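Student: When the letters of the sequence shown are read in order and numbered with the authors' numbering, they come out as residues -3 to 37, 44 to 158, 162 to 295.
Provided herewith is a single structure, encoded as structure tokens, for subsequent inquiry.
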Amino acid sequence: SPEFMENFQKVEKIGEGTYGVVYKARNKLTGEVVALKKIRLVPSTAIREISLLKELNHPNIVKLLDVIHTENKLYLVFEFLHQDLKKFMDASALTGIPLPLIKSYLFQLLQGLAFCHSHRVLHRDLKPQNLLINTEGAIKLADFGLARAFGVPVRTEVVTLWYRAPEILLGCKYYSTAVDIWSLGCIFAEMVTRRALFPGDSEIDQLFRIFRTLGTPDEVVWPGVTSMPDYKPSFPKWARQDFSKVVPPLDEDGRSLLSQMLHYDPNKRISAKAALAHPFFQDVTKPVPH
Ligand SMILES: O=S(=O)(O)c1cccc2cccc(Nc3ccc(Cl)cc3)c12
Ligand SMILES: O=S(=O)(O)c1cccc2cccc(Nc3ccc(Cl)cc3)c12
């Protein structure tokens, strides 16, 4: 103490992220491998949200070990992890992730989200590449979306659209913790089917792909939807599709949970805390990935 960037030896780039390149590095003093994020350099609400995220200590949130300030630079020192759910799904495309691991990962992500949400922290940008996994079966939240959400002046892609809740796409100013449950519901479906649920290429295309699968919402399904800032009565009217077609492998317990996570109305969408008690998790275990 203090640590300096000279105390770290770069090993390899371990991928990109909302802040560009992440590096595997080695502490020359201790031998510990870590993951380093470089942030090139803030609104008052943004400082406060960063402080809230720094407060969080949880098994399912990637552990921040240190923050090193040098001139224009911030170097975030994290625990070393180097697999993520997107890379794991791609390597498992031939066979699919086994259901006990799907259940375990979904359960843990709900635990991490429940913890964030009770501390007034939202993720806002949940996607499979932001979800880090280790050898012992844990999965962890990372690359929180607060820089673009709170106008942080830091350098920071259609993949982000695929997991965006419909109340965001329709312009809602004061969205809620429910946006994270939507994203996780999409990831749940994607683990099961081995394909992204709503891979749109623009905000309107994302909306139309959602509508084509879940039905065009109306006031009966989603009170207030037709007055949302970007709602247009010219939207096409699609009927809802059966989950036997949308997520063929799921049974009624899985379809029940997924339908509650993808509820149009954010006020009716299941909370993270409540989803942990869903019957789907009756037999949840902690398997190790291969
Ligand atoms: O609070 S920090 O622990 O430094 C911090 C931790 C992680 C990410 C951060 C992203 C943006 C600004 C941060 N803070 C900060 C405060 C003062 C100065 Cl002069 C420069 C930067 C971040
Ligand atoms: O990188 S993260 O994986 O999102 C992350 C994960 C876990 C704890 C974090 C604690 C404080 C800041 C984090 N990140 C961050 C980076 C840049 C900005 Cl401007 C704002 C926030 C944390």
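All residues carry an ideal CB built from backbone N, CA and C; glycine is no exception.
Cutting at 7 Å between CB atoms, please list the residues of its own chain near residue 159, excluding the five before and the five after it.
Tutor: Any structural detail on residue 159 is unavailable, because the chain resumes at 162 straight after 158.
Student: State the DSSP-derived secondary structure class of residue 5, mapped to helix, strand or coil.
Tutor: Within the sequence shown, the letter at position 9 stands for residue 5. Three-state DSSP puts residue 5 in a strand.
Student: Could I get the ranges of all uninterrupted alpha helix (DSSP H) runs contained in the region 73 to 155, with 4 residues as the minimum, in chain order?
Tutor: 87 to 93, 101 to 120, 148 to 151
Student: May I ask you to list the residues that DSSP assigns as paired with residue 34?
Tutor: Locating residue 34 in the sequence shown gives position 38, where the first residue counts as 1. Per DSSP, 77.
Student: For residue 279, report the span of its alpha helix (DSSP H) as first-last.
Tutor: On the sequence shown, residue 279 is found 274 positions in, with the first residue counted as 1. In the DSSP annotation of this structure, the continuous segment of the alpha helix (DSSP H) that includes residue 279 starts and ends at 277 to 280.
Student: At which residues does the beta strand (DSSP E) containing residue 194 begin and terminate?
Tutor: On the sequence shown, position 189 is the one that residue 194 refers to. Looking at the DSSP string, residue 194 is not in any beta strand (DSSP E); the run it does join, the alpha helix (DSSP H), is 183 to 198.
Student: Buried or exposed, going by whether 16 or more other CB atoms sit within 10 Å of the CB of residue 106?
Tutor: Within the sequence shown, numbered from 1, the residue matching residue 106 stands at position 104. It counts as buried.
Student: By the DSSP assignment, the alpha helix (DSSP H) with residue 41 in it spans what residues?
Tutor: The structure shown gives no position for residue 41: in the chain, residue numbering passes from 37 to 44 with nothing in between.
Student: Does the distance between the C-beta of residue 125 and the nearest non-hydrogen atom of ligand 1 fall short of 7 Å?
Tutor: Locating residue 125 in the sequence shown gives position 123, where the first residue counts as 1. Incorrect: residue 125 has no Cβ contact closer than 7 Å to ligand 1.
Student: Expressed to the nearest angstrom, what Euclidean distance is found between the alpha-carbon atoms of residue 288 and residue 102?
Tutor: Taking the sequence shown and counting its residues from 1, one reaches residue 288 at position 283. Taking the sequence shown and counting its residues from 1, one reaches residue 102 at position 100. Going from the Cα of residue 288 to the Cα of residue 102 covers about 8 Å.
Student: Is the beta carbon of residue 55 sitting closer than 8 Å to the one on residue 134?
Tutor: Within the sequence shown, residue 55 is the residue found at index 53, counting from 1. Within the sequence shown, residue 134 is the residue found at index 132, counting from 1. For residue 55 and residue 134, no; Cβs fall outside 8 Å.
Student: Assuming residue 266 and residue 189 form a contact by the criterion Cβ under 8 Å, report the distance between their Cβ atoms to the nearest whole angstrom.
Tutor: Position 261 of the sequence shown, counting from 1, holds the residue named residue 266. Position 184 of the sequence shown, counting from 1, holds the residue named residue 189. Confirmed, about 6 Å.
Student: Give the straight-line distance between the Cα atoms of residue 234 and residue 217, rounded to the nearest whole angstrom.
Tutor: For this step, residue 234 is matched to residue 229 along the sequence shown. For this step, residue 217 is matched to residue 212 along the sequence shown. Distance between the alpha carbons of residue 234 and residue 217 is about 21 Å.
Student: Classify residue 74: buried if its beta carbon has 16 or more other beta carbons within 10 angstroms, exposed otherwise.
Tutor: Position 72 of the sequence shown holds residue 74. That one is exposed.
Student: Can you list the residues near ligand 1, meaning Cβ strictly closer than 7 Å to any non-hydrogen atom, in the order they appear in the chain?
Tutor: 35, 37, 44, 49, 52, 53, 56, 69, 71, 76, 78, 154, 156
Student: Should the region 246 to 265 be regarded as contacting the region 191 to 207, the criterion being three or more beta carbon pairs within less than 8 Å?
Tutor: Per the Cβ contact rule, the region 246 to 265 is in contact with the region 191 to 207 (3 or more Cβ pairs under 8 Å).
Student: Helix, strand or coil for residue 19? Go by DSSP, reduced to three states.
Tutor: Counted from its first residue, the sequence shown places residue 19 at position 23. The answer is strand: DSSP assigns residue 19 an E or B state.
Student: Does the beta-carbon of residue 193, which I'm using as the reference point, lie nearer than 7 Å to any heavy atom of ligand 2?
Tutor: Taking the first residue of the sequence shown as position 1, residue 193 is located at position 188. Checking the 7 Å criterion, the Cβ of residue 193 is out of range of every heavy atom belonging to ligand 2.
Student: In this structure, how does DSSP classify residue 226 when only helix, strand and coil are distinguished?
Tutor: Locating residue 226 in the sequence shown gives position 221, counting from the first residue. Residue 226 falls in the coil class under three-state DSSP.
Student: Run the proximity test for residue 140: is its beta-carbon closer than 7 Å to any non-hydrogen atom belonging to ligand 2?
Tutor: Position 138 of the sequence shown, counted from the start, is the residue given in the question as residue 140. Checking every heavy atom of ligand 2 against the Cβ of residue 140, none is found closer than 7 Å.
Student: If we ignore side chains and look at the alpha-carbon of each, how far apart do residue 174 and residue 89 end up?
Tutor: Start at 1 with the first residue of the sequence shown, and residue 174 comes out as number 169. Start at 1 with the first residue of the sequence shown, and residue 89 comes out as number 87. Each residue's Cα considered, the two are about 27 Å apart.
Student: Quickly, what does DSSP pair residue 69 with across the bridge? List them, please.
Tutor: The residue given as residue 69 occupies position 67 in the sequence shown. Residue 69 is bridged to 78.
Student: Please report the straight-line C-alpha distance between residue 242 and residue 221, rounded to a whole angstrom.
Tutor: The residue given as residue 242 occupies position 237 in the sequence shown. The residue given as residue 221 occupies position 216 in the sequence shown. If I take the Cα positions, the gap works out to 5 Å.
Student: Please determine whether the Cβ atom of residue 149 lies at a distance below 7 Å from any heavy atom of ligand 2.
Tutor: On the sequence shown, position 147 is the one that residue 149 refers to. True, at least one ligand heavy atom lies under 7 Å from that Cβ.
Student: Let me make sure I understand the geometry here. Which of 2, 17, 187, 120 has the alpha-carbon closest to that of residue 8?
Tutor: Working through the sequence shown from its first residue, we reach residue 8 at position 12. Among 2, 17, 187, 120, the Cα nearest to that of residue 8 is on 17.
Student: Is the separation between the beta-carbon of residue 23 and that of residue 59 shorter than 8 Å?
Tutor: Position 27 of the sequence shown, counting from 1, holds the residue named residue 23. Position 57 of the sequence shown, counting from 1, holds the residue named residue 59. No, the pair does not count as a contact, with Cβ atoms beyond the cut-off.
Student: Among 113, 164, 169, which residue has its Cα nearest to the Cα of residue 126?
Tutor: Translated into positions along the sequence shown, residue 126 becomes position 124. That would be 169, whose Cα lies nearest to the Cα of residue 126.
Student: With a CB to CB cut of under 8 Å and the five nearest residues on each side skipped, what residues in its chain are close to residue 121?
Tutor: Position 119 of the sequence shown, counting from 1, holds the residue named residue 121. 54, 57, 58, listed in sequence order.
Student: Hey, is residue 15 close to ligand 2, as in C-beta under 7 Å from one of its heavy atoms?
Tutor: Within the sequence shown, residue 15 is the residue found at index 19, counting from 1. Yes, the Cβ of residue 15 comes within 7 Å of a heavy atom of ligand 2.
Student: In terms of alpha-carbon separation, which member of 182, 180, 11, 80 lies closest to residue 142?
Tutor: One-based indexing of the sequence shown puts residue 142 at position 140. Here the closest residue by C-alpha is 80.
Student: Can we count residue 21 as close to ligand 2, meaning its CB is less than 7 Å from some heavy atom?
Tutor: Along the sequence shown, one-based indexing puts residue 21 at 25. Answer for residue 21: no, Cβ out of range of ligand 2.
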